[PDB]
Amino acid sequence: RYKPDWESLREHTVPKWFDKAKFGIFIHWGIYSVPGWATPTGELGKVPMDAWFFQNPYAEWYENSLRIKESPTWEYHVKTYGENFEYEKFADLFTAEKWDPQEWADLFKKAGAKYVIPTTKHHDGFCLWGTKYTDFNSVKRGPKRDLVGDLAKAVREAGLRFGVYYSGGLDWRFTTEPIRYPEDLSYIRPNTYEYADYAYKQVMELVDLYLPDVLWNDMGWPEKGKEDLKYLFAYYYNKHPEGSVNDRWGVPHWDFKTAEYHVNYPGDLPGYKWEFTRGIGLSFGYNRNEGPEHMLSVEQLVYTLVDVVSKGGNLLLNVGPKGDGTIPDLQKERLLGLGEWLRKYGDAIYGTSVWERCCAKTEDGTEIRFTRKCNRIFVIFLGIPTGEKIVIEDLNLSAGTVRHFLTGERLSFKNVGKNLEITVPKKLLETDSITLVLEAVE
Amino acid sequence: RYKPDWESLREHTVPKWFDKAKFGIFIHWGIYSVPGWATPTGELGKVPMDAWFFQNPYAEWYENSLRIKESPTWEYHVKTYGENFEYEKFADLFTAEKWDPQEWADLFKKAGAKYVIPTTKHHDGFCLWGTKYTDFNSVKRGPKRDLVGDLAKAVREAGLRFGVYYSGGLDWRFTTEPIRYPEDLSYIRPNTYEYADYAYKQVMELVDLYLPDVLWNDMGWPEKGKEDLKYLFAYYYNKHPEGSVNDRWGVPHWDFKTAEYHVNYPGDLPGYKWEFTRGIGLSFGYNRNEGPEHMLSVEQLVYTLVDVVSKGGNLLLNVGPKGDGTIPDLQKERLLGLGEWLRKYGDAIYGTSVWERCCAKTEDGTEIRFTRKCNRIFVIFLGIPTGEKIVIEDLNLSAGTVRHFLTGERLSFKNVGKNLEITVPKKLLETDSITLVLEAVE
Amino acid sequence: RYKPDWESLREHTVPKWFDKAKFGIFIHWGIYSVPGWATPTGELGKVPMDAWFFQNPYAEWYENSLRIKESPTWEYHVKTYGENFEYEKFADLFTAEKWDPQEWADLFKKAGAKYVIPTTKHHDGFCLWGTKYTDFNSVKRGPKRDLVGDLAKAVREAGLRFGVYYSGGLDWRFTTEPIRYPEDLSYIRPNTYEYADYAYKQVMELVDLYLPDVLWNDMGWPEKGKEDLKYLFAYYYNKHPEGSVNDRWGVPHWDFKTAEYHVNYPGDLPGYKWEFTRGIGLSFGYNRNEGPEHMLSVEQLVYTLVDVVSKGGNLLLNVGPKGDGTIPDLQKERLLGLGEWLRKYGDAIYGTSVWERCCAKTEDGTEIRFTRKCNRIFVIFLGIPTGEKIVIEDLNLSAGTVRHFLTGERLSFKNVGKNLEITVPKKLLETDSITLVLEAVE
Amino acid sequence: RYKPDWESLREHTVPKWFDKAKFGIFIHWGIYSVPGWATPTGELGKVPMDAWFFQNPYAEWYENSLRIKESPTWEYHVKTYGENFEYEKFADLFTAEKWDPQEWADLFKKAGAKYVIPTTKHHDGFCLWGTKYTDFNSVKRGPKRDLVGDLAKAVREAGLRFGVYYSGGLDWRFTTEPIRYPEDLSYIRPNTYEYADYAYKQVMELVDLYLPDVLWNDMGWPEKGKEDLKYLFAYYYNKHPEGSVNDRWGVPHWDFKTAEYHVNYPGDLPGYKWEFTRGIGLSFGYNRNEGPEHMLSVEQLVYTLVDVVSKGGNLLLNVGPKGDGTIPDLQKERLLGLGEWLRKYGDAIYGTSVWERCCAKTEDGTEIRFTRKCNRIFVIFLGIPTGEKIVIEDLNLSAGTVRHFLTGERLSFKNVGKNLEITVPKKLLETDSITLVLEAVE
């Protein structure tokens, strides 16, 4: 039994399943998905926060942007929907007409994901389950359906872990003023006792109805409610020990940390479990303005996951569905392409551990990432070298045998000084897809 | 940007407008205005608090007095309205039948007021705006009108600053026992988390709907809610920097202090901005039992404002309207009379600063008050001397020229020892009204 | 960098070296070592606490015991040393005349310990290093030597890790009344701010002077100083990230938990790192009353270690030296015994991880424990079976091969139903020492 | 009387004398003044903090620097003084052989300073008065003199106000590890209750012995002592109401805020009193490596002061004396320069208030600043224009007359559109020194 205190909850470490899953699908879907619109300005960590909230590239932030008059979103809204059309009104057009959960889970399984996390309530405070705590949810409005639940059955049928995203820190149903600058976030929050009780009841509800594998909170937890978390975590873990919890509660406990786009990205191995999060494009919620110029390429996705994994993390890729319940093809294409590379190279990703170091580079700088599996050292090149002679800078293998991962073919190598040279026959190099993968056994 | 912490809110000082306004109208109007009744016992600071709540001379306290059986109010109520008539029932007779806000603002402008503050919710918890937090408000009951709002438009059209009074500390809708002695106030309060949230939401609502120039709280703020105030003040000031806030919250911040009847009245210059408050009569809410024997005279009003002003304060005079929305003539007379003296002598009051000292007295003790305006020193006599030779005790003017304020007429004066003698020709003395005003230029 | 807050320190998990060490030596050595006397009552968890402190079997508790008049220790003292003989007088008799730190480290290395932790200050508050915060230390009294530092140099040259034990929660130099019942521990403590600073300054000083590998606190941390630990842990981890901290501070953070004698002993796999501690006998400090009847036997030491290791823990075995600095022969014998067994079987102990289950037993009740090392599963019998037929209950191996560990000889086995039967040829059975160890590869 | 609580202390606003003084002298003088060495890296706000403490340009940080092995300061020390030479050894070389406090005060008076504030104790914890709480002070070591008191007597006889600087947040006598990165400041501090008492007792003692006009704390106040400040401020203000306090205590109360070099510098009118501080050069303590290339020029000092004053602030210019007590010539020259300009233009600086705006510029980009004194508006050009035609952008004066300040000569001007043009006859332009100053009366 876990007890309701930080010292006792320290005992709960991140579950083996999570540590091994390596790749998950985040899903930001809500009434904001309907206008599904945002100025695709850039990447968090790259856009000056002085203008960010006024040129918000995150479509889930539509209501906050709409509250800022004379903001691209405001202009777009009045021209498209009209001045008199309140944000909340989108819960009526959000009908998920063409939603098939089994199709999503199927697609996430094909894409190589091992877990899925949908936004159950994002900052606009609209809920995608039949909460008994508010009438602004998907059962009484829009869809008339318990999306969280039906999706949880599907992802589970597909044999995938299911977690929940929940906006503990922000709920615009409790405020009127929009966020215009980062500092605003320190005072424009629900602030009441009532809201702290609401968050607590709602996450308890998610724990009772769905017993998720992950509690992924966002934007901190209401100060007046931080202490409830001792009770909620004990309760949760006691019902579900292999459950997990992220680091965005603003309290002493968490099972794994998080890093967003540029924000918090580790340069080398950190000493704890973490998860990198990002959209395929610049937004989490669907943005009709994003085209391929904005999205990552399959090649880029793979390089990303491999880098995140060689560093001890998991990659939580976000997809942003449309109001009708369909997943844009630009995003479906890319999921399938990552999926495909994972079918071929899964074994060097899933279930792996960090090695002595994460990184290395060749003589002409192709970047190299490492992962472990007991005595087997996977060597992953972000790309496929042209030459057959290959020179890895600063590295000596103690191992006796290096093998070409996809074929098995033993390879010739020798510690040439402070480096290691290996010879890969073009017939092999020609077989790899996106990444030349070697396998060393010391 | 102001931040949600006491140290950062320290930066907000009392707005220039307030410091210069000098005189404001407080308005205590509510369902208590209908019985409009109280035993006119005396002045706060003069009535022994051992009997005060049982002989309450403040008519807005009607419900508290009514809850004390065998109390003059209780007797009067059962004879006039009946045992079976609950206090709350007055919200049905409170119909403001004859209310014209434009007429009030007009009258307050003529009376010389620069700002106005109506009680939006007094201790009986009835609200004079359409709050969404309670059904006991003027839109759903009584008037069927948003009094706060309609009055805010009017006072603003009249070009006057508008603030709000709000009973943060007491709300009898959350208690059943009456206050019988001062000590009772330490435990008979709403006390719940819910009430702290209610106050916070309601003042936020007043800030959102009306963005007042002044947040005038009363009776302290619910202990469980004091910390919200960091957030509310930052929020408020950030929306309205020239906004102001009084000192009755029981937290580290405030823009100006307060003093009631005898309670907290400074003897000389204090080193911060404050505001003296009092009714024209002994009550704030309308009291049909008060006659002129109870009210201040125009002469007394003027002497009061001048004394309060020479000491750095503002005078917040309270008027108590009737249930029909009309302002008793006894009170209208006096407002107009103060107004009249302000038309003549405004320039020695509005926009002034304290001088080296506030006070002085003549040889035969007519009291004298001082105000400044750069190098111009206004010298105000509380009354008009008969003689022409005048002797001001303990004072030497360094200034070269003294002038009779109303005419301009240079006057003859000399430092005669530790005193100053001046000669005012009766033709001049005969021109002043209520106060002989001199003007010195050093 | 770690930051001074529980959330950030959570980032620091137990160092890999500690997780893999499995076996460490504790050393209770102090002026109490001189009288080196205690009644061998029994084991913590088995002696009713109503009598425990009056028949204290822990000899380091001599001063507490002496403070209880008419207690075995009091009588013993009066008779052997006299009434005029204060406990602190032992600091001068504690001369460590025959102490050779390098012999100790040689000794601890032979026995198999991978780390050593001496008491730098026990409840009697005597310090075994030249602290600058007290004169009651080994540099100024007795030994005229920095025991801690001199021992650190030696252990480190033997290639073993060094940690320190510090009695943060109790210090008899700051109290007068002895502990008679467990409940006394709740109010009889130093209690002052001055004591909290002292404790703070002393651990800071140990960090600064010897940068220990483990900070082993005991009896909790002074309530007034609990918040100092955020700073101290951050200070310590930023200077020594591979450093570690136990769980006896009473704050949200720890790297490994502790169990003592019967107290807090897990029956199956917990999910965090812990360490078990006990003496070779019933006391931690030297007890000249203890005979082999009170000590564990090499066989019991071995079974203790295996049991602890199969459950994720480390065993911290305590050694109680004499005031002259020699390690009593009954204890030296036993270390050597354990050390010999480790020489033969250590590869199935050091560097291992837990398996799916920790335990199993033979049809005839010999106890079995498991440990893992990748694909290799070590099956350690707590003793050596007689028959060649071996039936382990409730167990089926999927593994293709099962080898007899010490020789490597493949063995025959088959999953006979819900059990597993293996045949161990007497020649092999006769080869093992104390424990029959098998190796299975899946 | 002030009461010991933030709400009541709010009553104390910044004293009129301080608001009107505008210019003050800071004096960093200590044993660090002896080595008087530092690498002139640059200005705070412009040197990346990742390197800052290893190339510290603030010479008073010598001990911190010395504590970092292989740091310019460490090398410099070892080479010049030796390894066996501890920093505290400088207390004995700090003999102030040529110190004449009255020459200093004469000097500060000529330069224009209206108040002086010497460091009574800097981060190295050496005290420049005969404190009774430490032996590390100027009465017992070095100077054998009460520097603080002797300097207070002199400054006060010169008719200037006296304040004290006290390093409440840092004291290296209580720590061992140096600050290497800004984040260290969060855990490397005295941290003990004993230190909080000490700090408390030492400021109490400065109040008691010299009743300073300003209490200038630095680096925040020990967390354990924050609540002591309610008592101390109340104690101080009740003994000296015209006393004042800066904003580096980290509690709800302060009389004026502070900005340092680039750090916290306002671009336009804030709405509270603040003070700007910087050295004549890059360091506060004497740096014998600094040459004119590192110092501001009299012209830059003047523009600095005008800019600060037009924005509501005071400039606290720092002077760094030598261990013998003489003020280096490059700095004396500059004070005198500033002092001469103040002799001519001071009436447009001392006693002024801010105007509606602080700034404006000429069509040709010469910067302009404004200051007020009732109806008089001073227009200070940061330099002297060449043409006689002067076009100030975005500005219209309602004022009837515009005079050339130093002479009084009426000038011609007209609001040519959105600008204002004035003609300054070269004879006048040639009369001004460093800044063309005009005077406008409305």
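Per-chain residue numbering starts at 1, and chain names A, B, C and D are given in the order in which the chains are listed.
FYI, contacts are C-beta pairs under 8 Å (C-beta built on N, C-alpha and C of every residue); 3 or more make two chains touch, one makes a residue touch a chain.
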item: Centre distance in Å when chain B and chain D are each reduced to the mean of their C-alpha atoms; value: 43
item: Centre-of-Cα separation between chain B and chain A, whole angstrom; value: 58
item: Distance between chain centroids, defined by C-alpha means - chain A, chain D (Å); value: 50
item: Residues within chain A bordering two or more other chains; value: none
item: Chain contact topology (line, ring, star, complete or other); value: ring
item: Chain-chain contacts as defined at top; value: A-B, A-C, B-D, C-D
item: In the complex, chain B residues that touch chain A; value: 1, 3-4, 193-194, 196-197, 200-201, 208, 224, 228, 230-231, 234-235, 238-239
item: Residues of chain B touching chain D in the complex; value: 6-7, 10-13, 241, 247, 250-254, 257, 270-272, 374-375
item: Chain C-facing residues of chain D, complex; value: 176-177, 181, 183, 186-189, 191-194
